[PDB]
Amino acid sequence: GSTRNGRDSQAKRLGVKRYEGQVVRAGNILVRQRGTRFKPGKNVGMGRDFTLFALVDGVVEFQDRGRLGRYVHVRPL
Amino acid sequence: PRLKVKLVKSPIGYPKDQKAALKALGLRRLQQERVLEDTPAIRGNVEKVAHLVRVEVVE
Amino acid sequence: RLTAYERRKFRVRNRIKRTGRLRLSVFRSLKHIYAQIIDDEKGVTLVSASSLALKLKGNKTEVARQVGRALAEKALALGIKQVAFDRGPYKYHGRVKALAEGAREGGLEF
Amino acid sequence: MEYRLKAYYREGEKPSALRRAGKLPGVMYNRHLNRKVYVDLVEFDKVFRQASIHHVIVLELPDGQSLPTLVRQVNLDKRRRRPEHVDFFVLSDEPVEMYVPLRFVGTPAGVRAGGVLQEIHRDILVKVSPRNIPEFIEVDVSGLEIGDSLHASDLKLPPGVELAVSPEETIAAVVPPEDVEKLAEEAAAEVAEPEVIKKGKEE
Amino acid sequence: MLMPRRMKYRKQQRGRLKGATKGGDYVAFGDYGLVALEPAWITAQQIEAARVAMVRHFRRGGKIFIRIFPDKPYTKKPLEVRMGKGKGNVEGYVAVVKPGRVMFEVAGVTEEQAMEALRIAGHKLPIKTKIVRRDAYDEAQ
RNA sequence: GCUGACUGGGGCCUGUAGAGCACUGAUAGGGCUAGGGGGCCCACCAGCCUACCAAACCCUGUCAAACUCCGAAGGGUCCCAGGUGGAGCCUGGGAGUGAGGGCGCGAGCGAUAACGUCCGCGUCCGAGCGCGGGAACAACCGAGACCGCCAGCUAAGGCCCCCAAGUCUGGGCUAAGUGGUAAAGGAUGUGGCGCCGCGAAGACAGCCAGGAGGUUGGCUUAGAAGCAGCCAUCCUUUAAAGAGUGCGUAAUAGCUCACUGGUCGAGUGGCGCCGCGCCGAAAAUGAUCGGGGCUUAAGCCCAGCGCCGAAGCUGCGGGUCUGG
RNA sequence: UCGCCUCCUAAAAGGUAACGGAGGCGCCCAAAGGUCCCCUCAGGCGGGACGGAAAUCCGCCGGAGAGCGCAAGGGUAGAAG
RNA sequence: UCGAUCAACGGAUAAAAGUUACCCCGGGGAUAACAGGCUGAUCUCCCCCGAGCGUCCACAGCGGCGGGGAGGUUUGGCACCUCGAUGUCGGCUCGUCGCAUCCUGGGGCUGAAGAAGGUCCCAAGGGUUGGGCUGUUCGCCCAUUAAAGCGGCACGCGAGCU
RNA sequence: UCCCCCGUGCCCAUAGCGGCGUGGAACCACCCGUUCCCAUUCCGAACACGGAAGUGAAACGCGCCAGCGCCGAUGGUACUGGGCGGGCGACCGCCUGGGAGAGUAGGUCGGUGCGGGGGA
Ligand SMILES: C[C@H]1O[C@H](O[C@H]2CC[C@H](n3ccc(NC(=O)c4ccc(NC(=O)[C@@](C)(N)CO)cc4)nc3=O)O[C@@H]2C)[C@H](O)[C@@H](O)[C@@H]1N(C)C
Ligand SMILES: NC(=[NH2+])NCCC[C@H](N)C(=O)O
Ligand SMILES: [Mg+2]
Ligand SMILES: [Mg+2]
Ligand SMILES: [Mg+2]
Ligand SMILES: [Mg+2]
Ligand SMILES: [Mg+2]
Ligand SMILES: [Mg+2]
Ligand SMILES: [Mg+2]
Ligand SMILES: [Mg+2]
Ligand SMILES: [Mg+2]
Ligand SMILES: [Mg+2]
Ligand SMILES: [Mg+2]
Ligand SMILES: [Mg+2]
Ligand SMILES: [Mg+2]
Ligand SMILES: [Mg+2]
Ligand SMILES: [Mg+2]
Ligand SMILES: [Mg+2]
Ligand SMILES: [Mg+2]
Ligand SMILES: [Mg+2]
Ligand SMILES: [Mg+2]
Ligand SMILES: [Mg+2]
Ligand SMILES: [Mg+2]
Ligand SMILES: [Mg+2]
Ligand SMILES: [Mg+2]
Ligand SMILES: [Mg+2]
Ligand SMILES: [Mg+2]
Ligand SMILES: [Mg+2]
Ligand SMILES: [Mg+2]
Ligand SMILES: [Mg+2]
Ligand SMILES: [Mg+2]
Ligand SMILES: [Mg+2]
Ligand SMILES: [Mg+2]
Ligand SMILES: [Mg+2]
Ligand SMILES: [Mg+2]
Ligand SMILES: [Mg+2]
Ligand SMILES: [Mg+2]
Ligand SMILES: [Mg+2]
Ligand SMILES: [Mg+2]
Ligand SMILES: [Mg+2]
Ligand SMILES: [Mg+2]
Ligand SMILES: [Mg+2]
Ligand SMILES: [Mg+2]
Ligand SMILES: [Mg+2]
Ligand SMILES: [Mg+2]
Ligand SMILES: [Mg+2]
Ligand SMILES: [Mg+2]
Ligand SMILES: [Mg+2]
Ligand SMILES: [Mg+2]
Ligand SMILES: [Mg+2]
Ligand SMILES: [Mg+2]
Ligand SMILES: [Mg+2]
Ligand SMILES: [Mg+2]
Ligand SMILES: [Mg+2]
Ligand SMILES: [Mg+2]
Ligand SMILES: [Mg+2]
Ligand SMILES: [Mg+2]
Ligand SMILES: [Mg+2]
Ligand SMILES: [Mg+2]
Ligand SMILES: [Mg+2]
Ligand SMILES: [Mg+2]
Ligand SMILES: [Mg+2]
Ligand SMILES: [Mg+2]
Ligand SMILES: [Mg+2]
Ligand SMILES: [Mg+2]
Ligand SMILES: [Mg+2]
Ligand SMILES: [Mg+2]
Ligand SMILES: [Mg+2]
Ligand SMILES: [Mg+2]
Ligand SMILES: [Mg+2]
Ligand SMILES: [Mg+2]
Ligand SMILES: [Mg+2]
Ligand SMILES: [Mg+2]
Ligand SMILES: [Mg+2]
Ligand SMILES: [Mg+2]
Ligand SMILES: [Mg+2]
Ligand SMILES: [Mg+2]
Ligand SMILES: [Mg+2]
Ligand SMILES: [Mg+2]
Ligand SMILES: [Mg+2]
Ligand SMILES: [Mg+2]
Ligand SMILES: [Mg+2]
Ligand SMILES: [Mg+2]
Ligand SMILES: [Mg+2]
Ligand SMILES: [Mg+2]
Ligand SMILES: [Mg+2]
Ligand SMILES: [Mg+2]
Ligand SMILES: [Mg+2]
Ligand SMILES: [Mg+2]
Ligand SMILES: [Mg+2]
Ligand SMILES: [Mg+2]
Ligand SMILES: [Mg+2]
Ligand SMILES: [Mg+2]
Ligand SMILES: [Mg+2]
Ligand SMILES: [Mg+2]
Ligand SMILES: [Mg+2]
Ligand SMILES: [Mg+2]
Ligand SMILES: [Mg+2]
Ligand SMILES: [Mg+2]
Ligand SMILES: [Mg+2]
Ligand SMILES: [Mg+2]
Ligand SMILES: [Mg+2]
Ligand SMILES: [Mg+2]
Ligand SMILES: [Mg+2]
Ligand SMILES: [Mg+2]
Ligand SMILES: [Mg+2]
Ligand SMILES: [Mg+2]
Ligand SMILES: [Mg+2]
Ligand SMILES: [Mg+2]
Ligand SMILES: [Mg+2]
Ligand SMILES: [Mg+2]
Ligand SMILES: [Mg+2]
Ligand SMILES: [Mg+2]
Ligand SMILES: [Mg+2]
Ligand SMILES: [Mg+2]
Ligand SMILES: [Mg+2]
Ligand SMILES: [Mg+2]
Ligand SMILES: [Mg+2]
Ligand SMILES: [Mg+2]
Ligand SMILES: [Mg+2]
Ligand SMILES: [Mg+2]
Ligand SMILES: [Mg+2]
Ligand SMILES: [Mg+2]
Ligand SMILES: [Mg+2]
Ligand SMILES: [Mg+2]
Ligand SMILES: [Mg+2]
Ligand SMILES: [Mg+2]
Ligand SMILES: [Mg+2]
Ligand SMILES: [Mg+2]
Ligand SMILES: [Mg+2]
Ligand SMILES: [Mg+2]
Ligand SMILES: [Mg+2]
Ligand SMILES: [Mg+2]
Ligand SMILES: [Mg+2]
Ligand SMILES: [Mg+2]
Ligand SMILES: [Mg+2]
Ligand SMILES: [Mg+2]
Ligand SMILES: [Mg+2]
Ligand SMILES: [Mg+2]
Ligand SMILES: [Mg+2]
Ligand SMILES: [Mg+2]
Ligand SMILES: [Mg+2]
Ligand SMILES: [Mg+2]
Ligand SMILES: [Mg+2]
Ligand SMILES: [Mg+2]
Ligand SMILES: [Mg+2]
Ligand SMILES: [Mg+2]
Ligand SMILES: [Mg+2]
Ligand SMILES: [Mg+2]
Ligand SMILES: [Mg+2]
Ligand SMILES: [Mg+2]
Ligand SMILES: [Mg+2]
Ligand SMILES: [Mg+2]
Ligand SMILES: [Mg+2]
Ligand SMILES: [Mg+2]
Ligand SMILES: [Mg+2]
Ligand SMILES: [Mg+2]
Ligand SMILES: [Mg+2]
Ligand SMILES: [Mg+2]
Ligand SMILES: [Mg+2]
Ligand SMILES: [Mg+2]
Ligand SMILES: [Mg+2]
Ligand SMILES: [Mg+2]
Ligand SMILES: [Mg+2]
Ligand SMILES: [Mg+2]
Ligand SMILES: [Mg+2]
Ligand SMILES: [Mg+2]
Ligand SMILES: [Mg+2]
Ligand SMILES: [Mg+2]
Ligand SMILES: [Mg+2]
Ligand SMILES: [Mg+2]
Ligand SMILES: [Mg+2]
Ligand SMILES: [Mg+2]
Ligand SMILES: [Mg+2]
Ligand SMILES: [Mg+2]
Ligand SMILES: [Mg+2]
Ligand SMILES: [Mg+2]
Ligand SMILES: [Mg+2]
């Protein structure tokens, strides 16, 4: 007897790192994802790894535009 | 209005959080009565332990 | 099911808006060419310019400039200087092009 | 046909006791009204076994009403195999869709040969006028052989009744019997062990 | 006896048998049926046992419907072995069955022929059974 | 120096339970219908029928940790507010711990085994082997022991005697010491609630008789005469009477059922749900529910009053630490 | 068996064990990078020399089931093809 | 910027495999072999269902495919007290208990004529031989018998022997 | 402040597939040419320039029909945070708050912002 599986990868801490109505600064992360489960709304960018990050010192906000996807914004102050 | 809360069962054996409620209210002993204002917050924990507490509406 | 006309229209424009600047939209008909400057965050238009509403003649190209020069003329008055140029489903060429050439003369910056 | 049954309203009462009070919670509901009722589970049972979702049932409401309706749905205690709720459909003088029964008359040829009649559908869905509700729909099944089948197309519809399904639907069939002779051979049946869907570079 | 023909995954876990039947509590085809009053992993060996029992009480005739299918792989270690060293090998498949589910139906046959055969088919089950008739409750479903 | 656990409101993140089949695969039966197996008919190349193995597709019905068109209760975090607690933030010194275990719920592994094992939330023992209950027992129920009293109230659990308090009150159930250890299953155990028939157009028990001819009937065979499988339910005399319920037989027969004539004169034969009980029930020093012993209970279910019952609460006195 | 990646177990935030169930990496691309412009797939039905169940052309239907160098996942045509 | 299967991949050395029944020491019941314990897969015995056999006739004797339990004598699982020791097979001696009874006793059914058998039930009082082979338990065999039973007591019993 | 059209945004199918009908003054599109800017891995189909004879057949716009798709209550059930019970077990129940999915009755051939051209 013996096994041939027993291997795995280190969980990557995926998910959202700042929620709607939550106060962030320029450069913080807003979503950690694989693919574009969310999209860069306003004042928000996205990096080579679909990582969303604020672009100004604002206030987070989400938006479900149906077929168009779920976007995360940053309305300033 | 105000609420008079009496601790009638022992929290010994219920989760840490409920023991915190009895702290929030101020109940640190059995039979201990403690009269409190009737806000929603207070009225919140007070309900979290009503399986341990006997409540009564006063003044 | 979209049409190559529909698609080409979106990608050229969804990209534009990402710069958040005012958008110069251009429409090109068989007879006339129109142009309205838009603010896609307030969902409202400002200054309009079109051959049709300008009683303009035949040379579609030379027209485009006059609608171009005109559009810039009425714009700057409203303190509109910089702007983004939407070529829509139309390649930057001739009528569509020549128009922008005029607007750039009128004052608009792009 | 057309039966009857007392129905009483409810509201703040709680379905837990009711069905222990001997009463079956229910609702009346069309495009115009919508009220919560309840019935002596026993009384209504003696009706539904005869009526089902097929025959008309007017509720003798305590307010004085007496509305014609049909049953659109009956929810059952899956565990205890028993009803726990019913929906009476305020049947108005408008055209409606309902299940009309079927009685398969004639002894199919297959039966005489040893086959069986798989009465697939036992009622048919149809649009109709409640005034124009038939009692049932004959169908000849004498000329059926193993394993001939029959459809909604082969139905011969009375007046005012109009199918609410695609005639390509099937509604009966004669199939072979359970035969011991098939057993012994079935015993020595060799079934190659299940194949597992390959994965990764093995496709 | 029953079992799939092709599978995505060789080994399922064990899940659980909590709750009433998710579905299959109501006569769908045949005239009478056999219902489950308590849960279990019913093995295709078992199923085939019921089946054959009824088909033979019908001698020739009748029609039997099997509304449960063993799609769960039942695994077990070798013999006398220790714990660990991978998961056990498959030794037959079972059919999860929860209360109120109609495991078998029958048609084309008398009443004191389906009643009996079902009673016999019920003694080949590791659980308790309840012989049922087709109710309009069924038909309204 | 009020920011803390816990709580109230609000906004955002999620994809489990449950369920569903629209994607991925599994799935029994039928329908429709490329593709072969096999029968006629053919080598002239095309035709035809299929209770034959069956692709795709639709229908009824299901299944899935690695399926999801759906999708909770909860959980998480941000803002405002309550919260003054051996709460929290920050800097710094000193540690010990890095062998955990039982229980409960969610899983995997295991055999839907283990006082088994491996994770998750919690709890307790660890360190509460201090106290009450549980016969006795670290972790189940109760309850967080500063000290003293020959004072009071309670929790779990209990009130016939050991053994503190009821041989308390009302209704019902149990005859098996069930209570006081176990399953499929089996049974005219007992009680309560329902359902279909049959019955004074005289039932069931018994009594009384009849129960009859084609017909020792046919596919049918080596016995197959109503009662060893089928593709079978036809006439006669009739008051009625299956070409047959069963018992019976090697096969004849007899026995009685369904069947009507007579006899009495009111109920009876068969189903299903619940309650409590019976069998099923065989292990090794001596037996037992903890013991005695208990039967309209001292047992089980439902409803009430009162008391006994801890190191918990109070009451009086005292100590120390911290705060005011 | 030993590090890294993907899915599950994981109990709807993150994280979470076991010699639990399934598969992969130890490369690769000078374009398979950047930018501008243009284009939209598999699949089903009918149509056509050689020519086929699938070579390519024409037509209708086809929100994505194709494709994205490689395991799996999420993502994706309003592009990342 | 290069030299890493330092892959045992947070990577002892620049550089390294075996054996010990000649063995030793420090520790562990944190960890196996004995036994006990919890479990009861396997093991032993008992049953539900009643297809089919038995000229006829399911049940005298049997019981396909499946189902549910008891017991704790087997093989194992876990690894709970014991590794500052709980000495482990068989025999001899000496017992004693269980009863799923080998014998004697009392019964039902019997395909019980009788005699003699078969199969369940009640019963644990007494009994249950001598030998040949082997360390052997066990099993085979010879001669017998009313019969030559199975098992528990740390696979009873080494401060009782061997 | 009303109706028709060209543009351009929003909600993200109650807005789509499909069947029918209707619109050409204006605008829009097919249209007439391929000289010229520009262009097809061949094709002026596409993109693009100059035109203005004709047609609203195709596409687009505006309207009716519920065959498909989409949307979809109410009532009840499953499940469940917290608090109690039952069984040796697989498991089963009560109380308080939350409360689906499928299905039923039904709804839907879109609504609205801004700026242009015309109309009354
Ligand atoms: C002779 C030598 O004796 C002495 O050394 C011996 C002392 C003993 C030791 N040993 C021996 C055996 C063993 N286990 C198994 O064989 C085993 C067997 C079955 C299973 N079964 C399962 O798991 C199942 C049931 N689940 C099914 O799968 C698991 C394990 N483990 C050991 O440690 O071996 C040493 C070398 C002397 O000191 C030496 O001089 C001498 N020679 C070296 C000169
Ligand atoms: N509020 C709740 N979380 N209730 C849980 C009830 C669970 C219980 N086993 C039941 O089936 O009823
Ligand atoms: Mg291996
Ligand atoms: Mg693993
Ligand atoms: Mg691991
Ligand atoms: Mg991991
Ligand atoms: Mg992972
Ligand atoms: Mg997130
Ligand atoms: Mg970038
Ligand atoms: Mg990149
Ligand atoms: Mg918002
Ligand atoms: Mg914003
Ligand atoms: Mg307590
Ligand atoms: Mg407690
Ligand atoms: Mg909480
Ligand atoms: Mg206290
Ligand atoms: Mg109280
Ligand atoms: Mg807007
Ligand atoms: Mg009717
Ligand atoms: Mg009923
Ligand atoms: Mg499941
Ligand atoms: Mg099983
Ligand atoms: Mg296993
Ligand atoms: Mg393993
Ligand atoms: Mg098996
Ligand atoms: Mg099931
Ligand atoms: Mg059974
Ligand atoms: Mg359904
Ligand atoms: Mg404060
Ligand atoms: Mg805070
Ligand atoms: Mg806080
Ligand atoms: Mg918290
Ligand atoms: Mg909160
Ligand atoms: Mg599930
Ligand atoms: Mg599916
Ligand atoms: Mg369906
Ligand atoms: Mg499932
Ligand atoms: Mg999952
Ligand atoms: Mg799932
Ligand atoms: Mg929905
Ligand atoms: Mg929520
Ligand atoms: Mg505050
Ligand atoms: Mg302080
Ligand atoms: Mg502290
Ligand atoms: Mg602290
Ligand atoms: Mg420190
Ligand atoms: Mg360590
Ligand atoms: Mg440890
Ligand atoms: Mg240590
Ligand atoms: Mg550790
Ligand atoms: Mg641990
Ligand atoms: Mg442990
Ligand atoms: Mg213990
Ligand atoms: Mg536990
Ligand atoms: Mg519980
Ligand atoms: Mg549980
Ligand atoms: Mg568990
Ligand atoms: Mg798991
Ligand atoms: Mg298993
Ligand atoms: Mg356990
Ligand atoms: Mg351990
Ligand atoms: Mg551990
Ligand atoms: Mg310690
Ligand atoms: Mg304690
Ligand atoms: Mg403690
Ligand atoms: Mg204790
Ligand atoms: Mg002590
Ligand atoms: Mg002590
Ligand atoms: Mg104690
Ligand atoms: Mg004690
Ligand atoms: Mg005591
Ligand atoms: Mg306390
Ligand atoms: Mg008192
Ligand atoms: Mg007592
Ligand atoms: Mg005493
Ligand atoms: Mg009394
Ligand atoms: Mg009484
Ligand atoms: Mg007895
Ligand atoms: Mg007893
Ligand atoms: Mg029973
Ligand atoms: Mg029983
Ligand atoms: Mg009985
Ligand atoms: Mg009698
Ligand atoms: Mg005959
Ligand atoms: Mg018994
Ligand atoms: Mg004894
Ligand atoms: Mg005290
Ligand atoms: Mg004092
Ligand atoms: Mg102090
Ligand atoms: Mg996760
Ligand atoms: Mg979680
Ligand atoms: Mg973190
Ligand atoms: Mg390993
Ligand atoms: Mg590998
Ligand atoms: Mg690439
Ligand atoms: Mg060809
Ligand atoms: Mg793809
Ligand atoms: Mg690959
Ligand atoms: Mg997905
Ligand atoms: Mg080197
Ligand atoms: Mg490797
Ligand atoms: Mg290492
Ligand atoms: Mg090394
Ligand atoms: Mg690392
Ligand atoms: Mg080195
Ligand atoms: Mg080395
Ligand atoms: Mg040696
Ligand atoms: Mg040697
Ligand atoms: Mg030697
Ligand atoms: Mg020496
Ligand atoms: Mg030597
Ligand atoms: Mg030496
Ligand atoms: Mg050694
Ligand atoms: Mg030593
Ligand atoms: Mg260790
Ligand atoms: Mg230890
Ligand atoms: Mg060891
Ligand atoms: Mg050992
Ligand atoms: Mg051994
Ligand atoms: Mg020993
Ligand atoms: Mg051992
Ligand atoms: Mg012992
Ligand atoms: Mg010991
Ligand atoms: Mg034990
Ligand atoms: Mg046992
Ligand atoms: Mg038994
Ligand atoms: Mg025979
Ligand atoms: Mg016989
Ligand atoms: Mg028997
Ligand atoms: Mg057998
Ligand atoms: Mg078993
Ligand atoms: Mg053992
Ligand atoms: Mg140990
Ligand atoms: Mg020792
Ligand atoms: Mg030792
Ligand atoms: Mg010693
Ligand atoms: Mg010692
Ligand atoms: Mg005996
Ligand atoms: Mg005897
Ligand atoms: Mg005898
Ligand atoms: Mg004889
Ligand atoms: Mg004889
Ligand atoms: Mg004799
Ligand atoms: Mg005898
Ligand atoms: Mg004896
Ligand atoms: Mg003896
Ligand atoms: Mg001897
Ligand atoms: Mg000798
Ligand atoms: Mg031997
Ligand atoms: Mg031999
Ligand atoms: Mg003799
Ligand atoms: Mg004898
Ligand atoms: Mg042993
Ligand atoms: Mg041994
Ligand atoms: Mg020994
Ligand atoms: Mg010895
Ligand atoms: Mg010695
Ligand atoms: Mg010895
Ligand atoms: Mg027209
Ligand atoms: Mg039109
Ligand atoms: Mg005209
Ligand atoms: Mg020229
Ligand atoms: Mg052209
Ligand atoms: Mg064009
Ligand atoms: Mg022209
Ligand atoms: Mg048209
Ligand atoms: Mg167009
Ligand atoms: Mg429009
Ligand atoms: Mg309409
Ligand atoms: Mg719905
Ligand atoms: Mg609702
Ligand atoms: Mg709960
Ligand atoms: Mg319990
Ligand atoms: Mg429940
Ligand atoms: Mg509620
Ligand atoms: Mg719904
Ligand atoms: Mg529509
Ligand atoms: Mg206007």
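Which residue out of E:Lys63, E:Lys72 is away from ligand 24 (no atom under 16 Å from the Cβ), within 19 Å of E:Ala28 (Cα to Cα), basic (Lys, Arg) and buried (at least 17 other Cβ atoms within 10 Å of the Cβ)?
Values: E:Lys72 fails: within 19 Å of E:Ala28 (Cα to Cα).
Matching residue, one of E:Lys63, E:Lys72: E:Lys63.
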_Need pairs with beta-carbon distance below 7 Å; first residue touching a residue at least 40 places away in the same chain (Cβ under 8 Å) and within the stretch D:162-176, second among the aromatic types (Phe, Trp, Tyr); sequence gap 6+ or separate chains._
D:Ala172/D:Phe104
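Taking the residues in the stretch E:38-67 that are among the aliphatic types (A, V, I, L, M) and either touching a helix residue (DSSP H, G or I) at 6+ places or on another chain (Cβ under 7 Å) or within 9 Å of chain D (Cβ to nearest Cβ) (or both) as candidates, determine which candidate is nearest to D:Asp77 (Cα to Cα).
To start, the set of residues in the stretch E:38-67 that are among the aliphatic types (A, V, I, L, M) comprises E:40, E:42, E:44, E:47, E:49-50, E:52-55, E:64, E:66.
Adding the requirement that they be either touching a helix residue (DSSP H, G or I) at 6+ places or on another chain (Cβ under 7 Å) or within 9 Å of chain D (Cβ to nearest Cβ) (or both) leaves E:50, E:52-55, E:64, E:66.
Working: E:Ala50: 26, E:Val52: 31, E:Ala53: 30, E:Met54: 28, E:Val55: 31, E:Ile64: 25, E:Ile66: 22 Å.
So the residue we want is E:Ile66.
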*Could you please give the count of residues in the stretch A:17-40 that are more than 14 Å from ligand 8 (Cβ to nearest atom) and surrounded by fewer than 11 Cβ atoms within 10 Å (Cβ to Cβ)?*
2
_Residue selected from the stretch A:41-77 under the condition in contact with a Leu (Cβ under 6 Å, 6 or more places away or on another chain) and without any contact (Cβ under 8 Å) to a residue 24 or more places away in the chain, by the criterion farthest from ligand 8 (Cβ to nearest atom)_ = A:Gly45
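Please specify each residue of the stretch D:89-134 satisfying the condition of being more than 15 Å from the chain's Cα centre (by Cα), within 14 Å of chain E (Cβ to nearest Cβ) and touching a residue at least 24 places away in the same chain (Cβ under 8 Å). Please lay out each step first, then the result.
First, the residues of the stretch D:89-134 that are more than 15 Å from the chain's Cα centre (by Cα): D:89-96, D:104-118, D:127-134.
Next, from what is left, pick out any that are within 14 Å of chain E (Cβ to nearest Cβ): D:89, D:104, D:107-108, D:110-118.
Matches in the stretch D:89-134: D:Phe89, D:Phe104, D:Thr107, D:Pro108, D:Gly110, D:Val111, D:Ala113, D:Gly114, D:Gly115, D:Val116, D:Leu117, D:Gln118.
Would you mind finding the one in A:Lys39, A:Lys12 that is within 14 Å of another protein chain (Cβ to nearest Cβ) and either among the aromatic types (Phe, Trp, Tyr) or farther than 21 Å from A:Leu77 by Cβ (or both)?
Details: A:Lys12 fails: within 14 Å of another protein chain (Cβ to nearest Cβ).
Residue meeting the stated conditions: A:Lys39.
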_So in the stretch A:11-43, with the set limited to residues that are within 10 Å of the chain's Cα centre (by Cα) and assigned to a strand (DSSP E or B), which one is farthest from ligand 24 (Cβ to nearest atom)?_
A:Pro40
*asked:* Can you pull out every residue in the stretch E:51-78 that is touching a residue at least 24 places away in the same chain (Cβ under 8 Å), in a strand (DSSP E or B) and either at negative phi or β-branched (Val, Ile, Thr) (or both)?
replied: E:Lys63, E:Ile64, E:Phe65, E:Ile66, E:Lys72, E:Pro73, E:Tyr74, E:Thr75
*For E:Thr43, are the conditions met, namely being under 28 Å from D:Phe48 (Cβ atoms) and hydroxyl-bearing (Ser, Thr, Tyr)?*
no
_I need the full set of residues from the stretch D:4-27 which are surrounded by 14 or more Cβ atoms within 10 Å (Cβ to Cβ), in contact with a helix residue (DSSP H, G or I) (Cβ under 8 Å, 6 or more places away or on another chain) and of a type outside the set (D, E, K, R), in order please._
D:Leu5, D:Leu24, D:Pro25
*Report yes if some residue within the stretch C:2-14 is outside any helix (DSSP H, G or I) and free of Cβ contacts under 8 Å to residues at least 60 places away in the same chain; otherwise report no.*
yes
_Matching residues in the stretch D:154-203 - criterion: being among the small types (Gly, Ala, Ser) and under 20 Å from the mean Cα position of the chain (by Cα)_ = D:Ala164, D:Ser166, D:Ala172, D:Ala173
*Residues in the stretch E:1-18 that are facing chain D (nearest Cβ under 9 Å), loosely packed, with under 14 Cβ neighbours inside 10 Å and in a loop (DSSP other than H, G, I, E, B): how many?*
4
*In this structure, does D:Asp63 turn out to be over 30 Å from E:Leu37 (Cα atoms) and away from ligand 23 (no atom under 16 Å from the Cβ)?*
yes
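Being within 26 Å of E:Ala28 (Cβ to Cβ), outside any strand (DSSP E or B), more than 8 Å from chain E (Cβ to nearest Cβ) and touching a residue at least 60 places away in the same chain (Cβ under 8 Å): is that true of D:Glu145 here? Please lay out each step first, then the result.
Working: within 26 Å of E:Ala28 (Cβ to Cβ): yes; outside any strand (DSSP E or B): yes; more than 8 Å from chain E (Cβ to nearest Cβ): yes; touching a residue at least 60 places away in the same chain (Cβ under 8 Å): no.
Answer is no for this residue.
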_I'd like to know if the stretch D:31-47 contains one or more residues that are under 16 Å from the mean Cα position of the chain (by Cα) and either more than 23 Å from E:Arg134 (Cβ to Cβ) or within 14 Å of chain E (Cβ to nearest Cβ) (or both)._
yes
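Being within 11 Å of another protein chain (Cβ to nearest Cβ) and in contact (Cβ under 8 Å) with a residue 24 or more places away in the chain is the filter here, so list the residues in the stretch D:53-83 that pass it.
The first filter runs over the stretch D:53-83 and keeps only residues within 11 Å of another protein chain (Cβ to nearest Cβ), leaving D:53-55, D:70-83.
Within the stretch D:53-83, D:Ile53, D:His54, D:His55, D:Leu70, D:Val74, D:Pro83 qualify.
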*Only one of (1) in contact (Cβ under 8 Å) with a residue 12 or more places away in the chain; (2) surrounded by 14 or more Cβ atoms within 10 Å (Cβ to Cβ) is not met by A:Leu14, so which one is it?*
(2)
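At positive phi and over 12 Å from the mean Cα position of the chain (by Cα): does that describe E:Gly92? Working first, answer last.
Details: at positive phi: yes; over 12 Å from the mean Cα position of the chain (by Cα): yes.
Judged against the criteria, E:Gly92 is a match.
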_Filter the stretch E:107-141 down to the residues that are part of a strand (DSSP E or B), surrounded by 15 or more Cβ atoms within 10 Å (Cβ to Cβ) and within 12 Å of chain D (Cβ to nearest Cβ) and list them by number._
E:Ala107, E:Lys130, E:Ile131, E:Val132
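Neighbour counts run over all protein chains shown; Cβ positions are idealised from the backbone, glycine included. Every read-out reported here was derived from the displayed coordinates using simple, explicitly stated rules and does not represent laboratory data.
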